[PDB]
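Report on one structure; see the data block that follows.
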Amino acid sequence: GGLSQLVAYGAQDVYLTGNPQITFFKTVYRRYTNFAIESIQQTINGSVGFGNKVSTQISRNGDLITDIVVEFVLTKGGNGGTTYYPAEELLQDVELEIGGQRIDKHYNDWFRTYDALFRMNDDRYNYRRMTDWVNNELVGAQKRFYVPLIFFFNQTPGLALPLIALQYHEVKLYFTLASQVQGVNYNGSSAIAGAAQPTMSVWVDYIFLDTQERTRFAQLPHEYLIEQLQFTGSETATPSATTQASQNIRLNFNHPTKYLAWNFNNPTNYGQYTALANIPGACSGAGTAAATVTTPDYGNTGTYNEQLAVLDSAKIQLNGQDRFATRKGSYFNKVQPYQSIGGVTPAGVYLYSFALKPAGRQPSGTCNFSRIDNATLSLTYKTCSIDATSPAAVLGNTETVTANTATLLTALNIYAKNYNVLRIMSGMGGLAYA
Amino acid sequence: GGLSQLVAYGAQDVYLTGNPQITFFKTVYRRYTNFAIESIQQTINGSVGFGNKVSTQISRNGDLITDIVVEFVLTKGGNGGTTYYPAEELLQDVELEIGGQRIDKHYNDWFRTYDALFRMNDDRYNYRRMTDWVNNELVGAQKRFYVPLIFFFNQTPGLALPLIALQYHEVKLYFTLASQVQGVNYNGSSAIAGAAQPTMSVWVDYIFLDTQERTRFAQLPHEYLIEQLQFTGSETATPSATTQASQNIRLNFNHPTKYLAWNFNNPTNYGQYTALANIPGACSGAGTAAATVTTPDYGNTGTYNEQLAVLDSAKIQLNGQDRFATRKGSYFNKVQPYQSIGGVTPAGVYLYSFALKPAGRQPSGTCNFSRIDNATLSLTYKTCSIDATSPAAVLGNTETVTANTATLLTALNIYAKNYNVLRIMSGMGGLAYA
Amino acid sequence: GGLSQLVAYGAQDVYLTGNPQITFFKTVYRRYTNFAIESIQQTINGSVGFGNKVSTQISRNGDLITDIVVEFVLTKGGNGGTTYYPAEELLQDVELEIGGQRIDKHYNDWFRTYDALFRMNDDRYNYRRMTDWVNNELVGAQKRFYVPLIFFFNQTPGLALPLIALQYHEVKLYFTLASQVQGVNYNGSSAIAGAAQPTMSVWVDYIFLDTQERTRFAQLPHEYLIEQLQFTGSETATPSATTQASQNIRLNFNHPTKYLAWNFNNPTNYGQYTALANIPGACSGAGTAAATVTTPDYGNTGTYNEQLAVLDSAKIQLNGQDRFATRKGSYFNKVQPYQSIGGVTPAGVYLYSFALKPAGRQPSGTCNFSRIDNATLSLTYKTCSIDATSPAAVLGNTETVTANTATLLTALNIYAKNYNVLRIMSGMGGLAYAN
Amino acid sequence: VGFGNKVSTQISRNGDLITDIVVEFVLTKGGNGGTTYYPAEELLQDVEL
Amino acid sequence: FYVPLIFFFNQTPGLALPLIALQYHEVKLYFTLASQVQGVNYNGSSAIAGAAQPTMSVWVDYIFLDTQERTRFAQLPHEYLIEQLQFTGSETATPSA
Amino acid sequence: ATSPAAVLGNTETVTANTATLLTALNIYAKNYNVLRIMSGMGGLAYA
Amino acid sequence: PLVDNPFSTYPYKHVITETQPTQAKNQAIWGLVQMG
């Protein structure tokens, strides 16, 4: 029985159980402060509608804030398969400002990129359920969507923003709503007659602190090591059926960077990071007579089909020196996520981490671009000679080629997630570094 | 290369690497008390069978106990698609008693609710494999099921029950077996002629300690922070096709609570937390001419499609005051789990946490219901006007409505998980608070 | 609102928040040593090709090493559905050598068994994406595969191998490539005409330490607690329609062990741990006239249907004594990993843990086989009476029976994952324990 | 109690020391003479102390 | 039927198990009953229709000691030399014609 | 085995063709150990 | 921890002060209800 194993003891056990330090059969729980959480609706100023800019000022109902969820009500302008994360698309961007200072700013594409790299398993599925229609809903269906924000204070209570310690500074969220959302008010370039304007509401989760903790937050200075997103849009050295396009992109980045992330995309179709093709999930009508490689199956815009991705290879140069040996696009798409995050990244989305664990909150190695005169991302594209309308050509091809619909992925989005210091003192706050 | 990153050092990095305290590249593992684990079968008193009660005393074979699995052998009384988590359904409830004191109790519905909220990804899939037939098994098939228990000591080594320190008190498990199990001995209300009675066995995983640790457990007092389930069943306000029914349920709960959870269900059909409809998986024969929207596709009983959920909105009141602003049923179903657990919750199952992390062992904010003279859960139901037999109506509808078949969701189960302390001393013990 | 809860403080809150020790709203991150990670391509000696053995010396391109990823380029020799983790199958094994001493070794089957037990969810899927063709690719398709290694230093920075502290020892990786890979150069036993030889490249991720940290690593002695794989292949007592075959296998294992793992398989078909059958995915052509239960649907080689698994029940005997009561094979397939790992294990793969958390690095309980002179794995097989070509028989059967085709699972692989100590001193290193 | 069942007994303190133990079984013949062989012994598949 | 057990204490009073000296330990006998018994519920491989399930009763013969012997057993430590049975099953290297 | 002449008139080194039905082998060993009883509890001296 | 509540901790107080066989060392009796 179990005793027959305990008796099997000797020298090789000393390293494991001699002079024991711990047990596994008794947990010490740590007494904590007294607090409560409440979801409080914010007032949104400005007219809500497609393409409009609206904003909200966070109220002082509680002492600290964490989670923020933006609610939207959208309706279907067509049947299942016509939308793709439409609430994520709708929230074109969100800017976080404290005391008039920009702390951070996210874009719909960032939310898509972030999700592609950092969410997973049922978290990812539940996420999709909060931003899209995933049960084959039909035209006219109404749904409330919830878009969680991903600012540093929205990911951990550990970085809760001490609004209580910001007595003289207002905190605002500026939101841009997309001019168009696929399958909601537009179908490709065509407007959808009768489309409703979205209903919007912003909820902020407030932490109510008891007397001793509340007093300390209100009076003491604070420093937080927080995350920021750096982002610029670039034009892609568009692939050609005749050759391997190449490009050297100066990266206007600064600060200790945890990771870079990027994608190539068709700016017309939100979330399209791959070339279209006549294979079952790669285009509108794929597999039948009506198939076209000019329009995606929006409900299946994202894919793991690497052959439709357009990056052959890439490397990052620092001041002219390769930071690492050139690796294939597939490294950045499949391996980096394996090595550092543990989820699965869809084709067309790439990651390169400078951190051991980029998905966490503890710094684990950074590349400080504020000390790098010239940071450049070098890209080599695949030859776009594959006839996208022919599965034999799409599915039986080689490593270095892609579909001719790859020429549509003309946009390149390069992101860098970095660490800065948020300092709150004597009722004011903002960041230490520019 | 890598060296060119290390040199890119500046003021911004002081908060990450100035005055280094730790490294990432050298781990010292903690030495621990030597132990062994043995899985030992208990003798079941009473009589195993449908509708019968059985019980067992946990033998003092080892020193501490953790994991417990109840095994069942069930046979299929019909084909694939006729059962739904039948081993979970069969084990109607389990009561944990120490020295005659009730410590805790779980219910088949709780196991289902718990699962819906806290298990996830492949943990959830494997769980389903251990309680159901998921490979399209056919009538007459026989299978060994394993139902892990979910008492506080069955979740972590950290709460191992110090059976050795409880000499004066027996530890017993009482198990109620359901009178009927769908697809095993009954098909809806109809008994299945020739159905087999279940075979049952209870296994306990025992921890064998070394000399020094064993002695300390036997002689020292122990205080284990544990979690308990509180539960009562309620009738729902009759959902109606004519209006939005509402209900105010007194929250007859006590103790610091990590979270409340609830579901609405059809008491006839185990696991049915939503309405049925003529859309694939939403009823027997759904999607075709033979569809019956009053009979579920048992193998696909649950769903993530809220359109079939019955709760429009809800709030919790404490002493008549709002705890938080009214939020939609979809908030409790999708967002609370996102924000606090990270999994995906099936439609019809709702969660409201008071804890930052309700899925963990460590307390992180609680609602003390022993200090709320009159807590109430306020529920607003959807209008049940949708013709369940017409996919156009079922799938193209609005946020505030549901299926006419949602009026069958007459039962409501409200659960709460709280924190108590199990104290053991001088060979005896029990919970510190009632 | 939140305040009406906050204010309702009482006696039962004292054990949670009285004399508070921690908060959740002020995380202070630890300061750490500065470092950087760089991917370096290794030079592989020996011709890479099917059946060849090649090797590389880990280059001296940094101070510590962690991840190792082997890249391969394979070309489909047939259509979608004809391959199963072919890059995993291709890498037959990898042997880790330090100072000329064998430290560890992994096998293609182990990679499959390991994955079956320890990877999960989207990690498992992404893993599959890096070793197989998962988009219904067609013949002639070319893909680069990435097969990460699973040596102790490839799992955590904490066990990075200190090449910097091994100034006098070479560290080498020996790679054996399979003579055949299903759906790439062979289809069952038949060679595929025109099949290409694989391209291969080995990548090692190097850690560049700062000056103070590097110096300490270079000069100080180190002791690492590391995980090794023990493995031998055995003959499965032939399963049969007429009876319940049984077998007692003496286990030639040593060292503190976190867990045992095993599988039964058809050695012809990589990854086949279950019987073939005419049910969807269980054989080539299953569900139609061409269904043949002599060949698997390679793209769906594995399954979660225990009815096709051979093992009925098992126990482990130590020094002649039962270590635990005999449990069903399904207990070792589904419960063990539920309780100890948290993922899902496919049919035909079994686990028995001696550890509370076998998937981790912390030695949370071990069985020391160096103190167990007579360790035996005792196996009882199911009766192979079910006609694999008839779904009614395949799917409607009883707990103690399986497919007639389960008789083909003639190979048994038994693994043990144990803990040893890798000591490094004065520029050299090796293991503390031989047996 | 039944065929294939697993049962157990705890010996209570009904005296000071224990010696002989006899397990009684009541069985019927499912066929004629010549069909059984020490069936109560066969029935007692095992016993663990 | 009366099946005697053959554990060491079931063969001689000399090894009578002193239950009163075991104030903290239970003594249990676990039994496995055969799924089939020849000529009772099965005839070779064939089940016998209508076969009855067994009735079971376990009888233990106790020794009652007078005061001095009783006291010594409860109080004194004891060392019983006892028998144990070791057993494993094997596959027979089945002979052939 | 079906022919008494063959069954009963045979040699030392041979047996019945039906003897191949005896496919299971049971090996037992009876040994000594010591059952110690002290302070209300007991057990065997050797593993 | 453990603020001494008087109405909530009454059954736990009844279980802790309940009599148990805490004096059965070397005492030979025919009782002993499976004491641990």
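Identifiers in this document derive from the order of the structure tokens: chains are assigned A, B, ..., residues are numbered from 1 separately in each chain, and ligands are numbered from 1 in order of occurrence.
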Quick one: residues within 8 Å of residue 25 of chain E, only C-alpha atoms, excluding same-chain residues fewer than 2 positions away - as number ranges by chain? E: 22-23, 27; F: 40-42; G: 34-36
List every residue of chain A that has an atom at most 12 Å from any atom of chain G, giving for each one its closest atom pair and the distance in Å to one decimal, counting only C-alpha atoms, sorted by chain and then by ascending residue number, as a tab-separated table.
residue	atom	partner	partner_atom	distance
A:29	CA	G:1	CA	11.6
A:30	CA	G:1	CA	11.1
A:31	CA	G:1	CA	9.0
Near chain C, 8 Å: chain G residue rows, closest pairs, only C-alpha atoms, as a tab-separated table:
residue	atom	partner	partner_atom	distance
G:1	CA	C:15	CA	4.7
G:2	CA	C:15	CA	5.7
G:3	CA	C:11	CA	5.5
G:4	CA	C:11	CA	7.5
G:5	CA	C:11	CA	6.3
What would the file look like if the residues just selected were written as a PDB file, in the first residue's frame with C-alpha atoms?
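Done, and the output landed in result-v5.pdb:
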ATOM      1  CA  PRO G   1      -8.243  34.928  14.002  1.00  0.00           C
ATOM      2  CA  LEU G   2     -11.442  33.364  15.328  1.00  0.00           C
ATOM      3  CA  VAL G   3     -13.391  36.174  16.975  1.00  0.00           C
ATOM      4  CA  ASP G   4     -15.379  34.449  19.716  1.00  0.00           C
ATOM      5  CA  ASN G   5     -18.941  34.709  18.473  1.00  0.00           C
TER       6      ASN G   5
END
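Atom pair atom CA of residue 45 of chain A / atom CA of residue 323 of chain B: separated by 25.7 Å.
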Give me, as a tab-separated table, each residue of segment 1-33 of chain G that comes within 9 Å of segment 7-20 of chain D, together with its shortest interatomic pair and the distance in Å at one decimal, counting only C-alpha atoms, with rows ordered by chain and rising residue number.
residue	atom	partner	partner_atom	distance
G:28	CA	D:16	CA	8.0
G:29	CA	D:13	CA	7.9
G:30	CA	D:13	CA	4.8
G:31	CA	D:13	CA	6.1
G:32	CA	D:13	CA	7.5
G:33	CA	D:12	CA	8.5
Could you pull out the strand (DSSP E) residues of segment 175-323 of chain A, going by DSSP on the backbone, and write them as a PyMOL selection string? chain A and resi 175-177+186-187+190-191+199-209+222-235+246-250+256-265+311-318+321-322
I need the contact residues of chain B against chain A, so if you could list those with any atom within 7 Å, counting only C-alpha atoms, and return them as a ChimeraX atom specification, that would help. /B:1-2,5,8-10,12-13,16,30-38,120-121,157-160,208,305,324-325,334,338,342-344,354,362,365,395-399
Could you list, with a cut-off of 10 Å and counting only C-alpha atoms, the residues of chain C near chain F, each shown with its nearest atom pair and the distance in Å rounded to one decimal, rows sorted by chain and ascending number, as CSV?
residue,atom,partner,partner_atom,distance
C:246,CA,F:24,CA,9.8
C:319,CA,F:47,CA,8.8
C:320,CA,F:47,CA,9.7
C:321,CA,F:47,CA,8.7
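The coordinates place atom CA of residue 299 of chain C at 13.1 Å from atom CA of residue 89 of chain C.
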What's the 10 Å shell around residue 22 of chain G, counting only C-alpha atoms, without same-chain residues fewer than 5 positions away, as a ChimeraX atom specification? /B:167-168,426-427 /G:35
So that I have them on file, write out the residues from the current selection with C-alpha atoms, as a PDB file, in the first residue's frame.
ATOM      1  CA  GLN B 167      -9.728  10.033  16.207  1.00  0.00           C
ATOM      2  CA  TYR B 168     -12.908  10.836  18.212  1.00  0.00           C
ATOM      3  CA  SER B 426      -7.249  16.594  20.717  1.00  0.00           C
ATOM      4  CA  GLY B 427      -8.725  14.044  18.306  1.00  0.00           C
TER       5      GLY B 427
ATOM      6  CA  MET G  35     -11.788   4.924  17.919  1.00  0.00           C
TER       7      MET G  35
END
For chain E, list the residues within 7 Å of chain G, counting only C-alpha atoms, and write the list as a JSON list (two decimals) with N, CA, C and O atoms, in the first residue's frame.
[["chain", "number", "residue", "atom", "x", "y", "z"],
["E", 20, "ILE", "N", -8.71, -6.87, 22.53],
["E", 20, "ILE", "CA", -8.62, -5.86, 23.60],
["E", 20, "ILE", "C", -7.27, -5.16, 23.74],
["E", 20, "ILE", "O", -7.18, -4.18, 24.47],
["E", 21, "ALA", "N", -6.22, -5.68, 23.10],
["E", 21, "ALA", "CA", -4.89, -5.09, 23.11],
["E", 21, "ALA", "C", -4.74, -4.12, 21.94],
["E", 21, "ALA", "O", -3.69, -3.49, 21.76],
["E", 23, "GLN", "N", -6.86, -1.38, 21.25],
["E", 23, "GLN", "CA", -7.81, -0.31, 21.56],
["E", 23, "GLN", "C", -7.96, 0.77, 20.49],
["E", 23, "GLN", "O", -8.98, 1.46, 20.46],
["E", 24, "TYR", "N", -6.96, 0.94, 19.63],
["E", 24, "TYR", "CA", -7.01, 1.95, 18.59],
["E", 24, "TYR", "C", -7.13, 1.38, 17.18],
["E", 24, "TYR", "O", -7.16, 2.14, 16.21],
["E", 26, "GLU", "N", -8.95, -1.30, 14.31],
["E", 26, "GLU", "CA", -9.99, -2.19, 13.91],
["E", 26, "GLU", "C", -9.38, -3.39, 13.22],
["E", 26, "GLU", "O", -8.31, -3.30, 12.61],
["E", 70, "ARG", "N", -7.21, -11.06, 31.26],
["E", 70, "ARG", "CA", -7.85, -10.00, 30.49],
["E", 70, "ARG", "C", -7.06, -8.71, 30.63],
["E", 70, "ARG", "O", -6.76, -8.04, 29.63],
["E", 71, "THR", "N", -6.70, -8.37, 31.87],
["E", 71, "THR", "CA", -5.94, -7.17, 32.14],
["E", 71, "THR", "C", -4.59, -7.23, 31.46],
["E", 71, "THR", "O", -4.18, -6.27, 30.80],
["E", 74, "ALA", "N", -4.82, -6.54, 27.63],
["E", 74, "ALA", "CA", -5.06, -5.14, 27.27],
["E", 74, "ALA", "C", -3.86, -4.23, 27.52],
["E", 74, "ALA", "O", -3.68, -3.23, 26.81],
["E", 75, "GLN", "N", -3.12, -4.51, 28.60],
["E", 75, "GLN", "CA", -1.99, -3.70, 29.03],
["E", 75, "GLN", "C", -0.62, -4.01, 28.44],
["E", 75, "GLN", "O", 0.16, -3.10, 28.16]]
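The protein and nucleic acid residues lying at most 7 Å from segment 231-243 of chain B are residues 247, 381, 383, 384, 385, 404, 407, 410, 411, 412, 413, 414, 415 and 416 of chain B, with only C-alpha atoms considered and sequence neighbours fewer than 4 positions away removed.
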Taking only C-alpha atoms into account, which residues of chain E are within 7 Å of chain F, as JSON, numbers by chain? {"E": [21, 22, 23, 24, 25, 77, 78, 79, 80, 81, 82, 83, 84, 85, 86, 87, 88, 89, 90, 91, 92, 94, 95, 96, 97]}
Residue subset to file, keeping N, CA and C atoms, as a tab-separated table (two decimals), in the first residue's frame:
chain	number	residue	atom	x	y	z
E	21	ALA	N	-6.22	-5.68	23.10
E	21	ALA	CA	-4.89	-5.09	23.11
E	21	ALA	C	-4.74	-4.12	21.94
E	22	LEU	N	-5.79	-4.02	21.14
E	22	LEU	CA	-5.89	-3.20	19.95
E	22	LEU	C	-6.92	-2.09	20.13
E	23	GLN	N	-6.86	-1.38	21.25
E	23	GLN	CA	-7.81	-0.31	21.56
E	23	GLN	C	-7.96	0.77	20.49
E	24	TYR	N	-6.96	0.94	19.63
E	24	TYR	CA	-7.01	1.95	18.59
E	24	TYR	C	-7.13	1.38	17.18
E	25	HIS	N	-7.14	0.05	17.03
E	25	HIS	CA	-7.18	-0.54	15.69
E	25	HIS	C	-8.32	-1.49	15.44
E	77	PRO	N	2.43	-5.30	25.88
E	77	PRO	CA	2.78	-5.40	24.49
E	77	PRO	C	2.86	-6.88	24.17
E	78	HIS	N	2.65	-7.24	22.91
E	78	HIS	CA	2.73	-8.64	22.49
E	78	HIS	C	3.49	-8.81	21.19
E	79	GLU	N	4.11	-9.97	21.02
E	79	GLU	CA	4.74	-10.32	19.76
E	79	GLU	C	4.26	-11.69	19.30
E	80	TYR	N	3.46	-11.71	18.26
E	80	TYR	CA	2.95	-12.95	17.76
E	80	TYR	C	3.71	-13.39	16.54
E	81	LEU	N	4.17	-14.61	16.54
E	81	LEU	CA	4.83	-15.06	15.35
E	81	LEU	C	3.71	-15.57	14.48
E	82	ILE	N	3.55	-15.00	13.31
E	82	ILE	CA	2.41	-15.37	12.50
E	82	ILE	C	2.78	-15.78	11.11
E	83	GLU	N	1.84	-16.40	10.45
E	83	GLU	CA	2.02	-16.80	9.08
E	83	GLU	C	1.43	-15.77	8.13
E	84	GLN	N	2.02	-15.65	6.96
E	84	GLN	CA	1.49	-14.83	5.86
E	84	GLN	C	1.53	-15.61	4.56
E	85	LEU	N	0.60	-15.34	3.65
E	85	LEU	CA	0.67	-15.97	2.35
E	85	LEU	C	1.02	-14.98	1.25
E	86	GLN	N	2.05	-15.27	0.50
E	86	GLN	CA	2.43	-14.44	-0.63
E	86	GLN	C	1.91	-15.13	-1.87
E	87	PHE	N	1.38	-14.36	-2.81
E	87	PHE	CA	0.88	-14.97	-4.03
E	87	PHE	C	0.85	-14.11	-5.25
E	88	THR	N	1.31	-14.68	-6.36
E	88	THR	CA	1.18	-14.02	-7.64
E	88	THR	C	0.69	-15.01	-8.69
E	89	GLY	N	-0.03	-14.50	-9.69
E	89	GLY	CA	-0.42	-15.35	-10.81
E	89	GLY	C	0.58	-15.18	-11.94
E	90	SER	N	0.78	-16.23	-12.71
E	90	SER	CA	1.67	-16.23	-13.87
E	90	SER	C	1.02	-16.88	-15.08
E	91	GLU	N	1.52	-16.55	-16.26
E	91	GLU	CA	1.08	-17.24	-17.45
E	91	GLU	C	1.87	-18.53	-17.55
E	92	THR	N	1.20	-19.64	-17.77
E	92	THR	CA	1.89	-20.91	-17.91
E	92	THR	C	2.53	-21.01	-19.26
E	94	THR	N	2.60	-22.78	-21.69
E	94	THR	CA	1.72	-23.83	-22.05
E	94	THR	C	2.46	-24.82	-22.93
E	95	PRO	N	2.40	-26.11	-22.62
E	95	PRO	CA	3.00	-27.20	-23.36
E	95	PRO	C	2.31	-27.39	-24.68
E	96	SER	N	2.93	-28.13	-25.58
E	96	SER	CA	2.29	-28.41	-26.86
E	96	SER	C	2.51	-29.81	-27.29
E	97	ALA	N	1.70	-30.27	-28.22
E	97	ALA	CA	1.85	-31.62	-28.76
E	97	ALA	C	3.20	-31.82	-29.40
DSSP on the backbone: which residues in segment 333-407 of chain C end up as helix (DSSP H, G or I)? Give the answer as a compact mmCIF listing (two decimals) with C-alpha atoms, in the first residue's frame.
# COMPACT_ATOMS: atom_id res chain seq x y z
CA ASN C 333 -6.69 6.92 -18.76
CA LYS C 334 -9.22 9.45 -17.41
CA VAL C 335 -9.04 9.89 -13.66
CA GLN C 336 -5.39 9.95 -13.00
CA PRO C 337 -4.81 12.89 -15.41
CA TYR C 338 -8.00 14.62 -14.24
CA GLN C 339 -6.76 14.69 -10.68
CA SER C 340 -3.07 15.17 -11.34
CA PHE C 369 12.69 2.75 -7.42
CA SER C 370 16.30 2.58 -6.32
CA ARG C 371 14.92 1.11 -3.06
CA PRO C 391 -20.45 -0.34 -35.44
CA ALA C 392 -23.25 -2.11 -33.63
CA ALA C 393 -20.67 -4.38 -32.04
CA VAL C 394 -18.01 -1.69 -31.72
CA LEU C 395 -20.17 0.88 -30.02
CA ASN C 404 -10.75 -8.05 -32.47
CA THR C 405 -8.29 -5.58 -33.95
CA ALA C 406 -6.99 -4.73 -30.48
CA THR C 407 -4.87 -7.85 -30.90
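For the pair atom CA of residue 322 of chain C and atom CA of residue 435 of chain C, the separation is 23.4 Å.
With only C-alpha atoms as the atoms that count, the minimum distance from chain C to the choices A:43, A:55, A:307, A:374 is reached by A:307.
Considering only C-alpha atoms, the residue among C:155, C:238, C:23, C:248 positioned nearest to chain E is C:248.
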Near residue 335 of chain A, within 9 Å and counting only C-alpha atoms, which residues show up once chain neighbours fewer than 2 positions away are dropped, as a ChimeraX atom specification? /A:330-333,337-340,351 /C:69,126-127,130,146,148
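Considering only C-alpha atoms, the residue among C:375, C:196, C:164, C:159 positioned nearest to residue 426 of chain C is C:164.
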